[PDB]
Protein chains: 4
Amino acid sequence: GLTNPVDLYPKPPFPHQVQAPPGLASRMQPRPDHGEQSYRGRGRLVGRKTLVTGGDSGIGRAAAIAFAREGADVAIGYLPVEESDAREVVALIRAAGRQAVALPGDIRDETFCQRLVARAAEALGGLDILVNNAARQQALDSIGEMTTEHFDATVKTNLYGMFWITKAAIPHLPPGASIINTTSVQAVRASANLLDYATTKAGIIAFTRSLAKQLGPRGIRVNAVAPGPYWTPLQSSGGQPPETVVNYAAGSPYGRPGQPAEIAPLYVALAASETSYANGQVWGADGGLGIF
Amino acid sequence: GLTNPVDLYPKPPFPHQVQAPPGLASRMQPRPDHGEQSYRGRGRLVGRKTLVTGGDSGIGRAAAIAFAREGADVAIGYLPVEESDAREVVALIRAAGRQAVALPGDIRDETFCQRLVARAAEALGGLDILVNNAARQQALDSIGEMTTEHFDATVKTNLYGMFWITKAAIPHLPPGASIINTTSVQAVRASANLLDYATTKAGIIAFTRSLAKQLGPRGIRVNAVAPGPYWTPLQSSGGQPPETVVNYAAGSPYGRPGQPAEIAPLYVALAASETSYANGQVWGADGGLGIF
Amino acid sequence: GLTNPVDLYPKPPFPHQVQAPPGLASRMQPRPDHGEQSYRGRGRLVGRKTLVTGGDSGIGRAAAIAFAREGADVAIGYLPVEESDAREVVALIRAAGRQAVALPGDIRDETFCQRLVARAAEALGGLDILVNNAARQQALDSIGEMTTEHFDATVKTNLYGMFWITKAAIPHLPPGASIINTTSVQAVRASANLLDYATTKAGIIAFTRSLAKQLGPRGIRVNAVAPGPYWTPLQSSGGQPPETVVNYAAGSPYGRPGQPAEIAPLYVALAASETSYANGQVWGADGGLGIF
Amino acid sequence: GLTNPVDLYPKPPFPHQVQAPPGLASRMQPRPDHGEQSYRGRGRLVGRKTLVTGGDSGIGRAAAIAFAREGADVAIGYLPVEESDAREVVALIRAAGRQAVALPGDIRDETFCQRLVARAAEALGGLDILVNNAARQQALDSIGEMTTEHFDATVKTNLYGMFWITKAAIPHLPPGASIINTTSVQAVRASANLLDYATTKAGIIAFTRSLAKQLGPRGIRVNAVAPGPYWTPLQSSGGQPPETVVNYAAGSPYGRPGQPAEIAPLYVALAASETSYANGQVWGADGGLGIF
Ligand SMILES: NC(=O)c1ccc[n+]([C@@H]2O[C@H](COP(=O)([O-])OP(=O)(O)OC[C@H]3O[C@@H](n4cnc5c(N)ncnc54)[C@H](O)[C@@H]3O)[C@@H](O)[C@H]2O)c1
Ligand SMILES: NC(=O)c1ccc[n+]([C@@H]2O[C@H](COP(=O)([O-])OP(=O)(O)OC[C@H]3O[C@@H](n4cnc5c(N)ncnc54)[C@H](O)[C@@H]3O)[C@@H](O)[C@H]2O)c1
Ligand SMILES: NC(=O)c1ccc[n+]([C@@H]2O[C@H](COP(=O)([O-])OP(=O)(O)OC[C@H]3O[C@@H](n4cnc5c(N)ncnc54)[C@H](O)[C@@H]3O)[C@@H](O)[C@H]2O)c1
Ligand SMILES: NC(=O)c1ccc[n+]([C@@H]2O[C@H](COP(=O)([O-])OP(=O)(O)OC[C@H]3O[C@@H](n4cnc5c(N)ncnc54)[C@H](O)[C@@H]3O)[C@@H](O)[C@H]2O)c1
Ligand SMILES: [Mg+2]
Ligand SMILES: [Mg+2]
Ligand SMILES: [Mg+2]
Ligand SMILES: [Mg+2]
């Protein structure tokens, strides 16, 4: 049946709240909806072998839950401090009857990126969906406040980590495989307070489009997803200022931010074998901002 | 299982072939694949009520087949000369166990656009997916060859028809409904020989994004699909020069054009109730050109 | 010397004000600055032969003044009710020592478009800069309020008029000539209240890019300019709602709208013979919105 | 007078030619035209104080020549091996009657970036035009060939160097100053063989747009220039495969690549004080490809 999207999920104002990054979904108010109850699989990805970075919380968690419910085995990356979020996702993947692999570690470390891919492929018996979804986002009002360490941390997480993981993954990927990279509306919106983050998110789009041309001839599709505002720990752990969290997305056409559950369908559609002429695309889901 | 997209469908060279517009799918060599055998529904749109313009052939036919197999009732628009293509789609909708409504007529006629919507809604018992997919595309190498009649025919079909149909449809659309407009990579690629067509396809994107902001607050989502090259009668009936048809998409990353079957998943995903934060988006499927 | 752009021109709030379209610059509060005092020519367009539609006021007036001061002869189009604005521009072109031609008439009339070009070329002794700058902009909050007459008036002014004038002009344009089309940030921003206008402005970009590919081989360059908010009669005569006029561009990085004087340099640079590899471009001047 | 842009400059085929990067303009066949004879200044930047990275050759050299001829003092960065190109630019700046400052060194070195800005500002008596134009571009057909050292060299040159130089420069820039960043059509075209380069060029655009929003309120404008193909040593020293150099831009609307002379007007126009509402823009000059 039909459902009105406007009031399907919570609207601001939200309680004043902050966490140290990367944060925990379980400490947000309200708790985000990653599709734990609502997502019903229909056999769209049976037997696929998936690695999702940042699969413990937020958009990556929603994708991991959906992939498992569609019949795919799922390895998740995350940072060690997020173990309490990650254990929930691992249990949900397993409750869908599929294999879950927990692979915590810092993707700014090149050797860890190599081990992440090797261990995921070994555990799953192969690899044929890669989702580069982990990110650092730390807002700063001025470039004068941005140290080299700040800029480097954002670029190493969001560009180098993706590069190393993707490079390590390609020798495993058979014809028919899919790579999906999470970008952001910030690639275009380029807010004053997200100078380094926006740089990396625009970079991710060109990386996606170039790699799609490179790998298309080998039968591997490479695509990106461009979210607008979603209710995740990235925002309340310093990705946005606190007043922005309280009134998050209040001025958007629905008057509310997205919940991660709502974007999982884009990841399933892009990975599915039937979506065979989608390559090099950036698919947006921004609730009416109309960016991608 | 995994399937290599590169050789899943035919590659050029194709036989020298030309038709008068709008053409018939059954006269193309090879016959296009709209998903007649391959598309399997999974209950994703049960009971939805759909109107697809240009649903007799090509991308619109692939969308109509998929919608019916996902459980939706489907009305199709087309031009009277296309009856032999259209009756096949009516039969496919009925073979999926759903109601089919055949509504031929010329969408450059404002009164016909009003009757099309009124008759579709009356026959289906409502309306909650509208796909503005019909188009005119007639390549010309120079503006000196483009008469006012040429320009007006393209603009009246691709902009005015969409405007009139959409305006008439909105009073029928409940919260939870979806409007999907087919645009083109030509909105950006803007080839020398498609001056009027490219103008209209860029126009369709801004129309989509503006209307998404108007209707989002009312719970209606408005999105666009941007195909790259697909094997359809629009291309061999004057949309492309004949030598381009012979070698169509030969230089693309897969070395082949898309078949309409491959893009149907985008229409299903955009219409599904679960894709509830996709509004004002343009989703491409261009086989690695990397436009949208 | 250096000048701070932030406070170079007036900032809101502006007096409550409205006019019947197309409006008069002389009735705005404050009066707009089209460069009447500030623009100093430097011989950049000596002997060029120009036609500017909407050259009586706003951006077109600023371009006409600059072209004349750079040594070009200038014909201007405008609507008859704007005679009092137009006579000022004609006097300023002539005070720069160049020829001015006043060509009032409605560009929605195909025969007038043909006469406009023929009379401009006859009077000037040729034609080698064409600026399609006239536009209709009438905001409406809902498609339900938008009659066919409303939509048609916007599309006929902004797309058909450009088509007819451009088609009539090309046989006059020698190698080295330039066509410049004014678009808008609305092509991308696509506000809810500018459904028809935004459609046409996106269309203008694809028209520009396609015609550039068509005419590049003949040595004719075709480019577009994408303004952000400028203080012109288009806004207070129904292009924007009244509260928007009072607080116009207050939230932008400078906190003020542009004055037409500020965008004239883009038109001069695009027309100049030295800018010989700019073809098919869209150059923005939006005061930090960062759209084009 | 009018000049036909099509045959104003050389067209392919060009001789088979390759150099080690960064290469020398003097070894290209034919020698590039940076405007040494053609560019005539008109007092548009009198007394400005400029730093151009990569000012020894190519687009940066054309900008440096034009800036000096418009009345600005010019410091140039370059790599020590390019001294024979750089000394010619120093001589051209001095022949225009302005001060030239030669500042060779490697912008991947953060301490050098700080010294570069400090020494330029000290020598010139201030700083008010900064052009981040240096780049690394090394084509590779596959990500398997791209070592971390390759990726890091491109990212450190094109993103970190820009970040460090810009951060060091801002405390010197008074209201009225301009920052201009050279990007590329590759930000959008994203070719298969330019995976790291295209990533950085898209990043540069978002960096530009974000910084424009930060600095606009302080009266500093930040813009980008997006060249299409130009005849420069970056291309024949590994930026393109050798067979592409031989046939460079043969299929474009003019059938020839740009010469650096042709793009200098964009840098002058963006820096000029009169262009006061251009902020956060990307202005293309791609010869009819129609990208930006
Ligand atoms: N939430 C939004 O509004 C929004 C908007 C646009 C784009 N995005 C994108 O969505 C993606 C997912 O973020 P999210 O919003 O779901 O938030 P999230 O905090 O739930 O997910 C980000 C994840 O990144 C991972 N991560 C961060 N640094 C890492 C490191 N050094 N090593 C390993 N893993 C690391 C963490 O595991 C974390 O869970 C990101 O790419 C982000 O850019 C989010
Ligand atoms: N095939 C491609 O390469 C391609 C590429 C990009 C975009 N598109 C878009 O795909 C959409 C569908 O076209 P297609 O390629 O499937 O070709 P198609 O010929 O199968 O479909 C176009 C349909 O338009 C309908 N139509 C045309 N003029 C009409 C009129 N006056 N009144 C009513 N109906 C009318 C016809 O019924 C026709 O079947 C179009 O919007 C087109 O712009 C196609
Ligand atoms: N002012 C802004 O904020 C803004 C922003 C983006 C784009 N633009 C564009 O700038 C261009 C110029 O408008 P402006 O803002 O300088 O306002 P303006 O009112 O000064 O100029 C518009 C002109 O259009 C002409 N015109 C309108 N309908 C016509 C018709 N039927 N026949 C002949 N001429 C007709 C009138 O002569 C009028 O002076 C337009 O193309 C507009 O889309 C303006
Ligand atoms: N030529 C083209 O076709 C083309 C196309 C699009 C964009 N671009 C852009 O144009 C800009 C200028 O390049 P060009 O084509 O004029 O070629 P070029 O080789 O003449 O200039 C590039 C310059 O970069 C400098 N450079 C490189 N690495 C450096 C380092 N580590 N430290 C200091 N300086 C360093 C060198 O001094 C060199 O002269 C670049 O940003 C490039 O991305 C060029
Ligand atoms: Mg987390
Ligand atoms: Mg048909
Ligand atoms: Mg006027
Ligand atoms: Mg050099």
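Residues numbered from 1 in each chain as written, not as in the entry; some residues may be left out. Chains lettered and ligands numbered in written order. Heavy atoms only, no water. Residues with missing side-chain atoms left out of burial classes, pairs and counts.

- Looking at the method and resolution fields of the entry, one finds X-ray crystallography and 1.4000 Å.

## Here we look at the interface of chain D and chain C
Then comes step 1: In this assembly, 57 residues from chain D lie in contact with 57 residues from chain C.
Then comes step 2: Overall, the association of chain D and chain C removes approximately 4400 Å² of surface from exposure, summing both partners, and the carbon and sulfur fraction of that is 54%.
Then comes step 3: Counting the surface chain D buries against chain C, the share from its top three residues, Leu 2, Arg 42 and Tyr 277 of chain D, is 19%.
Then comes step 4: Counting across the interface, chain D meets chain C through zero salt bridges.
Then comes step 5: Applying the counting criterion to the chain D and chain C interface returns 27 residue pairs in polar contact.
Then comes step 6: When residues of the side of chain D that touches chain C are assigned to their parent elements, the largest contribution, four residues, is made by strand β7 (residues 282-285) of chain D.
Then comes step 7: In terms of residue class, the side of chain D that touches chain C is built from 27 nonpolar, 19 polar and eleven charged. (Contact = heavy atoms within 4.5 Å. Buried area = accessible area lost by both parts, 1.4 Å probe. Salt bridge = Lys/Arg side-chain N within 4 Å of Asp/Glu carboxyl O. Polar contact = N/O pair within 3.5 Å; in protein donor to acceptor, adjacent residues only side chain to side chain. Helix = DSSP H or I, 4+ residues; strand = E, 2+ residues; numbered from the N terminus. Nonpolar A, V, L, I, M, F, W, Y, C, P; charged D, E, K, R; others polar.)

## Some words on the relation of the copies chain B and chain A
Then comes step 1: Of the transformation placing chain B onto chain A, the axial shift is 0.0 Å and the rotation is 180 degrees, giving an RMSD of 0.1 Å. Expressed as an axis order, the relation between the two copies is that of a two-fold axis. Taking C-alpha positions as reference, the residue of chain B nearest the rotation axis is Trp 283 of chain B, located at 2.6 Å.
Then comes step 2: A shared interface surface links the copies, since 100% of the contact residues of chain B are contact residues in chain A too. (Least-squares fit on C-alpha atoms.)

## Some remarks on the coordination of the magnesium ion (ligand 6)
Residues and elements named next belong to chain B.
Then comes step 1: In this structure, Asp 56 (OD), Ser 57 (OG) and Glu 82 (OE) serve as the protein donors to the magnesium ion (ligand 6), at separations of 2.0 to 2.1 Å.
Then comes step 2: As a motif over one chain, the donors of the magnesium ion (ligand 6) read D-S-x24-E. Here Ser 57 is found in the loop between β1 (49-52) and α1 (58-69), whereas its partner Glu 82 is found in the loop between β2 (73-78) and α2 (83-95), with 25 residues between them in sequence. The same class applies to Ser 57 and to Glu 82, which are both buried. (Donors = N, O, S within 2.8 Å, 3.2 Å for Na, K, Ca; no water. Buried < 20%, exposed > 50% of the residue type's maximum accessible area, 1.4 Å probe, protein only.)

## Some words on the site of ligand 2
Residue and element names in this part refer to chain B.
Then comes step 1: Near ligand 2, the surroundings consist of 29 residues, among which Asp 56, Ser 57, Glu 82, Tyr 197 and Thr 232 are the closest.
Then comes step 2: The contact in question runs from an oxygen atom of ligand 2 to an N or O atom on the side chain of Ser 57, over 2.7 Å.
Then comes step 3: Within the complex, 96% of the 820 Å² of free accessible area of ligand 2 lies under protein.
Then comes step 4: The set of elements that each furnish at least two residues to the shell around ligand 2 consists of α1, α6 (195-215) and α7 (233-239). (Near = heavy atom within 4 Å. Areas by Shrake-Rupley, 256 points an atom, 1.4 Å probe, with all protein chains shown as cover.)

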